[PDB]
file data17.cif (mmCIF, N, CA and C atoms)
data_input
loop_
_atom_site.label_atom_id
_atom_site.label_comp_id
_atom_site.auth_asym_id
_atom_site.auth_seq_id
_atom_site.Cartn_x
_atom_site.Cartn_y
_atom_site.Cartn_z
N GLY A 1 0.82 -1.20 0.00
CA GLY A 1 0.00 0.00 0.00
C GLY A 1 0.87 1.26 0.00
N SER A 2 0.41 2.25 -0.75
CA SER A 2 1.13 3.51 -0.85
C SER A 2 2.46 3.30 -1.57
N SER A 3 2.95 4.37 -2.17
CA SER A 3 4.21 4.32 -2.90
C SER A 3 4.70 5.74 -3.21
N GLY A 4 5.66 6.18 -2.42
CA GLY A 4 6.22 7.51 -2.60
C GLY A 4 7.00 7.60 -3.91
N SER A 5 6.84 8.74 -4.58
CA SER A 5 7.51 8.97 -5.84
C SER A 5 8.92 9.51 -5.59
N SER A 6 9.90 8.79 -6.12
CA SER A 6 11.29 9.19 -5.97
C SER A 6 12.16 8.44 -6.97
N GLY A 7 12.87 9.21 -7.79
CA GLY A 7 13.74 8.63 -8.80
C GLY A 7 12.93 7.89 -9.86
N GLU A 8 13.66 7.33 -10.82
CA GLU A 8 13.02 6.58 -11.90
C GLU A 8 11.68 7.23 -12.27
N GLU A 9 11.69 8.55 -12.30
CA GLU A 9 10.49 9.30 -12.63
C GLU A 9 10.29 9.33 -14.15
N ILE A 10 9.16 8.80 -14.58
CA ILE A 10 8.84 8.76 -16.00
C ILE A 10 7.33 8.86 -16.18
N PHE A 11 6.91 8.88 -17.44
CA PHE A 11 5.50 8.97 -17.76
C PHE A 11 5.12 7.98 -18.86
N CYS A 12 3.87 7.54 -18.82
CA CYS A 12 3.37 6.59 -19.80
C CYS A 12 2.35 7.31 -20.69
N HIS A 13 2.61 7.26 -21.99
CA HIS A 13 1.73 7.90 -22.95
C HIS A 13 0.63 6.92 -23.36
N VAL A 14 -0.61 7.33 -23.10
CA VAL A 14 -1.75 6.50 -23.43
C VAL A 14 -2.68 7.28 -24.37
N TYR A 15 -2.66 6.87 -25.64
CA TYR A 15 -3.49 7.52 -26.64
C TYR A 15 -4.92 6.98 -26.60
N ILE A 16 -5.86 7.89 -26.39
CA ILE A 16 -7.26 7.53 -26.33
C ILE A 16 -7.82 7.40 -27.75
N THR A 17 -7.69 8.49 -28.50
CA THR A 17 -8.17 8.52 -29.87
C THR A 17 -7.00 8.65 -30.84
N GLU A 18 -7.22 9.47 -31.86
CA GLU A 18 -6.19 9.69 -32.87
C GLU A 18 -5.29 10.85 -32.46
N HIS A 19 -5.90 11.85 -31.83
CA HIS A 19 -5.17 13.02 -31.38
C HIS A 19 -5.50 13.30 -29.92
N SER A 20 -5.65 12.23 -29.16
CA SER A 20 -5.98 12.35 -27.75
C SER A 20 -5.18 11.32 -26.94
N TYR A 21 -4.80 11.73 -25.74
CA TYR A 21 -4.03 10.86 -24.86
C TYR A 21 -4.15 11.31 -23.40
N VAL A 22 -3.45 10.59 -22.54
CA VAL A 22 -3.47 10.90 -21.12
C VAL A 22 -2.08 10.64 -20.53
N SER A 23 -1.52 11.68 -19.93
CA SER A 23 -0.21 11.58 -19.32
C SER A 23 -0.31 10.88 -17.97
N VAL A 24 0.39 9.76 -17.87
CA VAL A 24 0.39 8.98 -16.64
C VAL A 24 1.82 8.90 -16.10
N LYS A 25 1.95 9.21 -14.82
CA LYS A 25 3.24 9.18 -14.16
C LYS A 25 3.40 7.85 -13.42
N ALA A 26 4.12 6.93 -14.06
CA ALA A 26 4.35 5.62 -13.47
C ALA A 26 5.85 5.37 -13.38
N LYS A 27 6.20 4.21 -12.84
CA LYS A 27 7.59 3.84 -12.68
C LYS A 27 8.17 3.48 -14.05
N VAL A 28 9.47 3.20 -14.05
CA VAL A 28 10.16 2.84 -15.28
C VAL A 28 9.91 1.36 -15.58
N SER A 29 9.35 0.67 -14.60
CA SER A 29 9.06 -0.74 -14.75
C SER A 29 7.65 -1.04 -14.22
N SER A 30 6.77 -0.07 -14.39
CA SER A 30 5.40 -0.22 -13.94
C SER A 30 4.58 -0.96 -15.00
N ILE A 31 3.73 -1.86 -14.52
CA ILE A 31 2.89 -2.65 -15.41
C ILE A 31 1.87 -1.73 -16.08
N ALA A 32 1.26 -2.24 -17.14
CA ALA A 32 0.27 -1.48 -17.87
C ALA A 32 -0.90 -1.14 -16.94
N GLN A 33 -1.31 -2.14 -16.17
CA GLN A 33 -2.41 -1.96 -15.24
C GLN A 33 -2.21 -0.68 -14.42
N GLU A 34 -0.97 -0.48 -13.99
CA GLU A 34 -0.64 0.69 -13.20
C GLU A 34 -1.00 1.96 -13.96
N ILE A 35 -1.13 1.82 -15.27
CA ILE A 35 -1.47 2.94 -16.12
C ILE A 35 -2.98 2.93 -16.40
N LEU A 36 -3.47 1.75 -16.76
CA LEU A 36 -4.88 1.58 -17.05
C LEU A 36 -5.71 2.06 -15.85
N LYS A 37 -5.24 1.68 -14.67
CA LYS A 37 -5.92 2.07 -13.44
C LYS A 37 -5.95 3.59 -13.33
N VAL A 38 -4.92 4.21 -13.90
CA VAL A 38 -4.81 5.66 -13.87
C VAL A 38 -5.65 6.25 -14.99
N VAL A 39 -5.35 5.82 -16.21
CA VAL A 39 -6.07 6.30 -17.38
C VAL A 39 -7.57 6.13 -17.15
N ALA A 40 -7.95 4.91 -16.80
CA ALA A 40 -9.35 4.60 -16.55
C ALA A 40 -10.01 5.79 -15.85
N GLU A 41 -9.34 6.28 -14.82
CA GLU A 41 -9.85 7.41 -14.06
C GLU A 41 -9.73 8.69 -14.88
N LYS A 42 -8.58 8.84 -15.53
CA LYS A 42 -8.34 10.02 -16.34
C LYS A 42 -9.39 10.10 -17.45
N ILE A 43 -10.04 8.97 -17.69
CA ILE A 43 -11.07 8.90 -18.71
C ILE A 43 -12.43 8.70 -18.04
N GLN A 44 -12.39 8.31 -16.78
CA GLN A 44 -13.60 8.08 -16.02
C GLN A 44 -14.27 6.78 -16.46
N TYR A 45 -13.53 5.69 -16.31
CA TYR A 45 -14.04 4.38 -16.69
C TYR A 45 -13.56 3.31 -15.72
N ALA A 46 -13.64 2.06 -16.17
CA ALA A 46 -13.22 0.94 -15.35
C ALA A 46 -12.04 0.24 -16.02
N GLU A 47 -10.87 0.42 -15.41
CA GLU A 47 -9.66 -0.19 -15.93
C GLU A 47 -9.91 -1.65 -16.29
N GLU A 48 -10.64 -2.33 -15.42
CA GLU A 48 -10.96 -3.73 -15.63
C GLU A 48 -11.75 -3.91 -16.93
N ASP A 49 -12.49 -2.87 -17.27
CA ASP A 49 -13.30 -2.89 -18.48
C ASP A 49 -12.49 -2.32 -19.64
N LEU A 50 -11.30 -1.84 -19.31
CA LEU A 50 -10.42 -1.27 -20.32
C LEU A 50 -9.25 -2.22 -20.57
N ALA A 51 -8.41 -1.83 -21.52
CA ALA A 51 -7.25 -2.64 -21.86
C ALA A 51 -6.25 -1.78 -22.65
N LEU A 52 -4.98 -2.09 -22.46
CA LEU A 52 -3.92 -1.36 -23.15
C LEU A 52 -3.73 -1.95 -24.54
N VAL A 53 -4.00 -1.12 -25.54
CA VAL A 53 -3.86 -1.54 -26.92
C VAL A 53 -2.56 -0.98 -27.50
N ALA A 54 -1.63 -1.88 -27.77
CA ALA A 54 -0.35 -1.48 -28.32
C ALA A 54 -0.40 -1.56 -29.85
N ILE A 55 -0.19 -0.41 -30.48
CA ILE A 55 -0.21 -0.34 -31.93
C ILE A 55 1.18 0.03 -32.44
N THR A 56 1.45 -0.36 -33.68
CA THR A 56 2.73 -0.07 -34.29
C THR A 56 2.58 1.01 -35.36
N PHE A 57 3.71 1.39 -35.94
CA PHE A 57 3.72 2.41 -36.97
C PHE A 57 2.84 2.00 -38.16
N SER A 58 3.16 0.85 -38.72
CA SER A 58 2.40 0.34 -39.85
C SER A 58 0.91 0.56 -39.63
N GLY A 59 0.47 0.26 -38.42
CA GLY A 59 -0.93 0.42 -38.07
C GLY A 59 -1.60 -0.93 -37.81
N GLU A 60 -1.33 -1.48 -36.64
CA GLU A 60 -1.89 -2.76 -36.26
C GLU A 60 -2.24 -2.77 -34.77
N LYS A 61 -3.50 -3.05 -34.49
CA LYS A 61 -3.97 -3.10 -33.11
C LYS A 61 -3.41 -4.34 -32.43
N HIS A 62 -3.07 -4.18 -31.16
CA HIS A 62 -2.53 -5.29 -30.39
C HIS A 62 -2.90 -5.11 -28.91
N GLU A 63 -3.19 -6.23 -28.27
CA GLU A 63 -3.56 -6.21 -26.86
C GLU A 63 -2.57 -7.04 -26.04
N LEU A 64 -2.36 -6.60 -24.81
CA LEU A 64 -1.44 -7.29 -23.92
C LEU A 64 -2.15 -7.60 -22.60
N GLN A 65 -1.35 -7.80 -21.57
CA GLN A 65 -1.89 -8.10 -20.25
C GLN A 65 -1.76 -6.89 -19.33
N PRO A 66 -2.54 -6.93 -18.22
CA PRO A 66 -2.52 -5.84 -17.25
C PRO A 66 -1.25 -5.87 -16.41
N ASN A 67 -0.46 -6.92 -16.62
CA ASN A 67 0.78 -7.08 -15.89
C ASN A 67 1.96 -6.81 -16.83
N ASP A 68 1.63 -6.59 -18.10
CA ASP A 68 2.65 -6.33 -19.10
C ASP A 68 3.19 -4.91 -18.91
N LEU A 69 4.50 -4.79 -19.05
CA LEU A 69 5.15 -3.50 -18.89
C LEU A 69 4.57 -2.51 -19.92
N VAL A 70 4.69 -1.23 -19.59
CA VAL A 70 4.19 -0.19 -20.46
C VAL A 70 5.37 0.58 -21.06
N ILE A 71 6.35 0.84 -20.22
CA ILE A 71 7.54 1.57 -20.65
C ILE A 71 8.75 0.63 -20.59
N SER A 72 8.76 -0.32 -21.52
CA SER A 72 9.85 -1.28 -21.58
C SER A 72 10.72 -1.00 -22.81
N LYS A 73 10.07 -0.99 -23.97
CA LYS A 73 10.77 -0.74 -25.22
C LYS A 73 11.94 -1.71 -25.35
N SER A 74 11.63 -2.92 -25.80
CA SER A 74 12.64 -3.94 -25.97
C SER A 74 13.36 -3.75 -27.31
N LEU A 75 12.56 -3.72 -28.37
CA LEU A 75 13.11 -3.55 -29.71
C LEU A 75 11.99 -3.11 -30.66
N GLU A 76 11.71 -1.81 -30.63
CA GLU A 76 10.67 -1.26 -31.48
C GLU A 76 10.84 0.26 -31.61
N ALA A 77 11.26 0.68 -32.79
CA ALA A 77 11.47 2.09 -33.05
C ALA A 77 10.13 2.82 -32.97
N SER A 78 9.99 3.61 -31.90
CA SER A 78 8.76 4.36 -31.69
C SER A 78 7.61 3.41 -31.35
N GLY A 79 6.61 3.97 -30.69
CA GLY A 79 5.45 3.19 -30.29
C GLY A 79 4.46 4.04 -29.50
N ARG A 80 3.19 3.68 -29.62
CA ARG A 80 2.14 4.40 -28.91
C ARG A 80 1.04 3.43 -28.46
N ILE A 81 0.84 3.39 -27.15
CA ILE A 81 -0.17 2.52 -26.58
C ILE A 81 -1.52 3.24 -26.58
N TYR A 82 -2.58 2.44 -26.51
CA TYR A 82 -3.92 2.99 -26.49
C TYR A 82 -4.80 2.26 -25.48
N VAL A 83 -6.04 2.72 -25.37
CA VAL A 83 -6.98 2.13 -24.44
C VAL A 83 -8.34 1.99 -25.13
N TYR A 84 -8.88 0.78 -25.08
CA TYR A 84 -10.17 0.50 -25.68
C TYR A 84 -11.18 0.05 -24.63
N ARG A 85 -12.45 0.16 -25.00
CA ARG A 85 -13.53 -0.23 -24.10
C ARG A 85 -13.94 -1.68 -24.37
N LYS A 86 -13.89 -2.48 -23.32
CA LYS A 86 -14.26 -3.88 -23.42
C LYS A 86 -15.74 -3.99 -23.79
N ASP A 87 -15.99 -4.48 -24.99
CA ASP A 87 -17.35 -4.64 -25.47
C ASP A 87 -17.79 -6.09 -25.27
N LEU A 88 -18.89 -6.44 -25.92
CA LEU A 88 -19.42 -7.79 -25.82
C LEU A 88 -18.91 -8.63 -26.99
N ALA A 89 -17.98 -8.04 -27.73
CA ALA A 89 -17.39 -8.73 -28.87
C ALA A 89 -15.88 -8.80 -28.69
N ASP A 90 -15.32 -9.92 -29.13
CA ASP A 90 -13.89 -10.14 -29.03
C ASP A 90 -13.16 -8.83 -29.36
N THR A 91 -13.66 -8.15 -30.37
CA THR A 91 -13.07 -6.89 -30.80
C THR A 91 -13.06 -5.89 -29.64
N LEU A 92 -12.34 -4.80 -29.85
CA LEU A 92 -12.25 -3.76 -28.83
C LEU A 92 -12.81 -2.45 -29.39
N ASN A 93 -12.30 -2.07 -30.56
CA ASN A 93 -12.75 -0.85 -31.21
C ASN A 93 -12.43 0.34 -30.31
N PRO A 94 -12.00 1.45 -30.96
CA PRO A 94 -11.65 2.66 -30.24
C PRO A 94 -12.91 3.39 -29.76
N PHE A 95 -12.72 4.64 -29.35
CA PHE A 95 -13.83 5.45 -28.87
C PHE A 95 -14.22 6.50 -29.90
N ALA A 96 -15.14 7.36 -29.50
CA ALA A 96 -15.61 8.42 -30.38
C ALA A 96 -15.23 9.78 -29.78
N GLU A 97 -15.65 9.98 -28.54
CA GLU A 97 -15.35 11.22 -27.84
C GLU A 97 -15.84 11.15 -26.39
N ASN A 98 -17.14 10.93 -26.25
CA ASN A 98 -17.74 10.84 -24.93
C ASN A 98 -17.14 11.91 -24.02
N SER A 99 -17.73 13.09 -24.07
CA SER A 99 -17.26 14.20 -23.26
C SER A 99 -18.13 15.43 -23.51
N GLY A 100 -17.97 16.42 -22.64
CA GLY A 100 -18.73 17.66 -22.76
C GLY A 100 -17.80 18.86 -22.97
N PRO A 101 -18.42 20.06 -23.02
CA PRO A 101 -17.67 21.29 -23.22
C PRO A 101 -16.93 21.69 -21.93
N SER A 102 -15.88 22.47 -22.12
CA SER A 102 -15.08 22.93 -20.99
C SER A 102 -14.49 24.31 -21.29
N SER A 103 -14.38 25.11 -20.24
CA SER A 103 -13.83 26.45 -20.38
C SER A 103 -14.34 27.09 -21.67
N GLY A 104 -15.47 27.77 -21.55
CA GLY A 104 -16.08 28.43 -22.69
C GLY A 104 -16.69 27.42 -23.65
#
call {"tool": "encode", "arguments": {"input": "data17.cif", "output": "structure tokens"}}
result
Amino acid sequence: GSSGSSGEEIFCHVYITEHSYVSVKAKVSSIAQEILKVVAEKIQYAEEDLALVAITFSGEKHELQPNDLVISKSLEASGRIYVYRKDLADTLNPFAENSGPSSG
């Protein structure tokens, strides 16, 4: 329980849409869940109902585990993770917007 922030300070980029994301401050070896649990909130959803979708440059959707690292980068030039809503279909499919107006 609890975890003070010190050293190994980094952030996990989680792209919601095409030009949308959420900055998450996790460890350098923090699991995806550690981000999903954050993003989920940053998006106002259920991490358990969400999932980290790892896509490549070419353009291919990919899903991992909630225990899978987020900021590992083993061997992949560039990369951007995403988050999809768990539907009733094997598929995940991205989002649309789901949000209201802000500041004016």
call {"tool": "residues_near_point", "arguments": {"input": "data17.cif", "point": "(-11.6, 1.3, -22.5)", "cutoff": "8 Å", "atoms": "all atoms listed in the file", "output": "PyMOL selection string"}}
result
chain A and resi 40+45-52+82-87+92-95
call {"tool": "select_by_dssp", "arguments": {"input": "data17.cif", "residues": "chain A", "states": "alpha helix (DSSP H)", "output": "list in words"}}
result
residues 33, 34, 35, 36, 37, 38, 39, 40, 41, 42 and 43 of chain A
call {"tool": "write_last_selection", "arguments": {"input": "data17.cif", "atoms": "N, CA and C atoms", "output": "PDB file, in the frame of the given file"}}
result
ATOM      1  N   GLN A  33      -1.310  -2.140 -16.170  1.00  0.00           N
ATOM      2  CA  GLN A  33      -2.410  -1.960 -15.240  1.00  0.00           C
ATOM      3  C   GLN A  33      -2.210  -0.680 -14.420  1.00  0.00           C
ATOM      4  N   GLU A  34      -0.970  -0.480 -13.990  1.00  0.00           N
ATOM      5  CA  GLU A  34      -0.640   0.690 -13.200  1.00  0.00           C
ATOM      6  C   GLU A  34      -1.000   1.960 -13.960  1.00  0.00           C
ATOM      7  N   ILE A  35      -1.130   1.820 -15.270  1.00  0.00           N
ATOM      8  CA  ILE A  35      -1.470   2.940 -16.120  1.00  0.00           C
ATOM      9  C   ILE A  35      -2.980   2.930 -16.400  1.00  0.00           C
ATOM     10  N   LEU A  36      -3.470   1.750 -16.760  1.00  0.00           N
ATOM     11  CA  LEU A  36      -4.880   1.580 -17.050  1.00  0.00           C
ATOM     12  C   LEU A  36      -5.710   2.060 -15.850  1.00  0.00           C
ATOM     13  N   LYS A  37      -5.240   1.680 -14.670  1.00  0.00           N
ATOM     14  CA  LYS A  37      -5.920   2.070 -13.440  1.00  0.00           C
ATOM     15  C   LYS A  37      -5.950   3.590 -13.330  1.00  0.00           C
ATOM     16  N   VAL A  38      -4.920   4.210 -13.900  1.00  0.00           N
ATOM     17  CA  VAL A  38      -4.810   5.660 -13.870  1.00  0.00           C
ATOM     18  C   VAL A  38      -5.650   6.250 -14.990  1.00  0.00           C
ATOM     19  N   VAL A  39      -5.350   5.820 -16.210  1.00  0.00           N
ATOM     20  CA  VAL A  39      -6.070   6.300 -17.380  1.00  0.00           C
ATOM     21  C   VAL A  39      -7.570   6.130 -17.150  1.00  0.00           C
ATOM     22  N   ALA A  40      -7.950   4.910 -16.800  1.00  0.00           N
ATOM     23  CA  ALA A  40      -9.350   4.600 -16.550  1.00  0.00           C
ATOM     24  C   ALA A  40     -10.010   5.790 -15.850  1.00  0.00           C
ATOM     25  N   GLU A  41      -9.340   6.280 -14.820  1.00  0.00           N
ATOM     26  CA  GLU A  41      -9.850   7.410 -14.060  1.00  0.00           C
ATOM     27  C   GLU A  41      -9.730   8.690 -14.880  1.00  0.00           C
ATOM     28  N   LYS A  42      -8.580   8.840 -15.530  1.00  0.00           N
ATOM     29  CA  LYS A  42      -8.340  10.020 -16.340  1.00  0.00           C
ATOM     30  C   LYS A  42      -9.390  10.100 -17.450  1.00  0.00           C
ATOM     31  N   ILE A  43     -10.040   8.970 -17.690  1.00  0.00           N
ATOM     32  CA  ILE A  43     -11.070   8.900 -18.710  1.00  0.00           C
ATOM     33  C   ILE A  43     -12.430   8.700 -18.040  1.00  0.00           C
TER      34      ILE A  43
END
call {"tool": "atom_distance", "arguments": {"input": "data17.cif", "atom1": "atom CA of residue 78 of chain A", "atom2": "atom N of residue 57 of chain A"}}
result
7.2 Å
call {"tool": "residues_around", "arguments": {"input": "data17.cif", "residues": "residue 21 of chain A", "least_positions_apart": "2", "cutoff": "10 Å", "atoms": "only C-alpha atoms", "output": "list in words"}}
result
residues 12, 13, 14, 15, 16, 17, 18, 19, 23, 24, 39, 42, 43, 80, 81, 82 and 83 of chain A
call {"tool": "residues_around", "arguments": {"input": "data17.cif", "residues": "residue 10 of chain A", "least_positions_apart": "5", "cutoff": "7 Å", "atoms": "only N, CA and C atoms", "output": "list in words"}}
result
residues 24, 25, 26, 27 and 28 of chain A
call {"tool": "residues_around", "arguments": {"input": "data17.cif", "residues": "residue 67 of chain A", "least_positions_apart": "5", "cutoff": "10 Å", "atoms": "only C-alpha atoms", "output": "PDB file with N, CA and C atoms, keeping the file's coordinate frame"}}
result
ATOM      1  N   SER A  30       6.770  -0.070 -14.390  1.00  0.00           N
ATOM      2  CA  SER A  30       5.400  -0.220 -13.940  1.00  0.00           C
ATOM      3  C   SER A  30       4.580  -0.960 -15.000  1.00  0.00           C
ATOM      4  N   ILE A  31       3.730  -1.860 -14.520  1.00  0.00           N
ATOM      5  CA  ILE A  31       2.890  -2.650 -15.410  1.00  0.00           C
ATOM      6  C   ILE A  31       1.870  -1.730 -16.080  1.00  0.00           C
ATOM      7  N   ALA A  32       1.260  -2.240 -17.140  1.00  0.00           N
ATOM      8  CA  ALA A  32       0.270  -1.480 -17.870  1.00  0.00           C
ATOM      9  C   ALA A  32      -0.900  -1.140 -16.940  1.00  0.00           C
ATOM     10  N   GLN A  33      -1.310  -2.140 -16.170  1.00  0.00           N
ATOM     11  CA  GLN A  33      -2.410  -1.960 -15.240  1.00  0.00           C
ATOM     12  C   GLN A  33      -2.210  -0.680 -14.420  1.00  0.00           C
ATOM     13  N   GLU A  34      -0.970  -0.480 -13.990  1.00  0.00           N
ATOM     14  CA  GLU A  34      -0.640   0.690 -13.200  1.00  0.00           C
ATOM     15  C   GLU A  34      -1.000   1.960 -13.960  1.00  0.00           C
TER      16      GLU A  34
END
